[PDB]
Structure formats: C-alpha cells, structure tokens
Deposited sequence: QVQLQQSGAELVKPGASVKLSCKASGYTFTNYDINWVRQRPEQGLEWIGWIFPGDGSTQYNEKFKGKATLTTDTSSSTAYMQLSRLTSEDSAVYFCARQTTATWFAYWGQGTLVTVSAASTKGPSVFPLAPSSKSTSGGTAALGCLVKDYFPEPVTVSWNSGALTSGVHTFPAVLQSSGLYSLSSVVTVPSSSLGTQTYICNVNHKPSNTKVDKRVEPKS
C-alpha cells in the first residue's frame, strides 16, 4: 500500500516561492529517505536531494541549493520541498521518491507540475466537436496554465478515447482536444459527456456532446 501523493499543479510568478508537498503511506514514514527529482519539459531527470524523516537530516544536489529546501512533518507523514526565487527555467514536473535502502527508487509520487509565469490563470472554454463509425469530442480552448484532466462519462467510457497533448497558441493560452470513436447508431441512444477539470482555475465542466439539427 506504499503510496506517495503529491500536491496539485502550481503557477508561480518569477522570483516568488512555492512549497510542494509529498505525503507518504503504506509504510512507516520514519524509516526511509525521500528524494526529489526534477524533469523539465521534454527532457530528462535531474536529481535535487534527499531527506531523512527520521530526524530531518538532508543533503542536496548542489546546483539546487540556492533554490531547493527540504523539510518533513512526522505528525502528518509528509515531506515538503520549497522552491525559492523561481525562474521560468524552473518550470518542470517535480517527483518525490522513497528510497528503500540505497540510491535506487522503486517508489515514486505521481509528480507535481510547476509553471513559472507572470501570466494570470484563466479557465478554459469547452466546445462540442460533434459529427459505420462516428467520431466526437471536446475542444478545451484558451486556458492557463497546464494541466487539464479530461475523461468521458465519468470514466465509464475509456475505449476508443484519445486525449491529445495541448498546443500553445500565439495568445499565450493552451488549447486541447479529446475525442472518442463510437458507433454512429449510438448517437441517438447513448449520451456522451466529456468531463473537463482545470484545477488551477478551479474549473470543472461537464459538456454533453450532440449532433446538431
């Protein structure tokens, strides 16, 4: 039941700070270290440092020292990483990971996306795409920042689904597509609802997609 749950995505003004969180479960939090790893967009893994929640002893990678700070909280079984004076280059996904014994990590968190920008958060617009096989979907347009989660029929519909990576528009906003192929005869019987969630703007939208006329 070894579970590492990281805090939600972040948007950060340059020069400001953010404290990411990693909560542990399924094991005795006190015993094993917790490492932090950064993955910049379309790139590889860079190590940041570790911390022993048993006492609080930490050692860092030291290009991340005037940048990263690691703490723990035994009473809540949670590790934290404060990122200070952030630059647009610090925009990345930040993973936490539990060592068991040595330098290898069999257990990772899901990762936390951090976007460094002066821009404000804007919720998306959800538009219907609408069509033996038929295709339909949702256009999740003009939001900031990443990410957005998209599911169909509250998760009940996964087969035939394709959620495409968002593209960055000239406006400075993201636009995303999510489609699903279904038989055309079901367009009258079955209802189709794409479930869009953009937590940076706290926006949850359920859009039913229909043929017109």
Gaps vs the deposited sequence (1-based, no CA atoms) are 132-138
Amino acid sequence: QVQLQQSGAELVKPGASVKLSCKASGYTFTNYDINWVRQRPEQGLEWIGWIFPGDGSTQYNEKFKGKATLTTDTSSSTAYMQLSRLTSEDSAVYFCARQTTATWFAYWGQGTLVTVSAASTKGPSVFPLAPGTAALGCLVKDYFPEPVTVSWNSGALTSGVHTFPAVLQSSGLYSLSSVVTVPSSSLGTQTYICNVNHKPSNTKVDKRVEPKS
From here on, numbers count along this sequence of modelled residues.
Quick one: higher average CA temperature factor, 53-61 or 36-44? 53-61
On average, are the C-alpha B-factors higher in 20-28 or in 196-204? 20-28
From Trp104, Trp108, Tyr143, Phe127, the top C-alpha temperature factor is at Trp104
From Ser91, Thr121, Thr112, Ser75, pick the one with the largest CA B-factor in the entry? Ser75
Assigned third (lowest, middle, highest) for the C-alpha B factor of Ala79: highest
Relative to the other modelled residues of the same chain, rank the CA B-factor of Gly155 and answer lowest, middle or highest third. middle
Of the three thirds of Cα B-factor ranks in this chain, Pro165 occupies the lowest
Consider only the C-alpha atoms of the modelled residues in this chain, order them by B-factor as the entry records it, and name the third containing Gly188: lowest, middle or highest. highest
Please rank the C-alpha B-factors of the chain's modelled residues and tell me whether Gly66 sits in the lowest, middle or highest third. highest
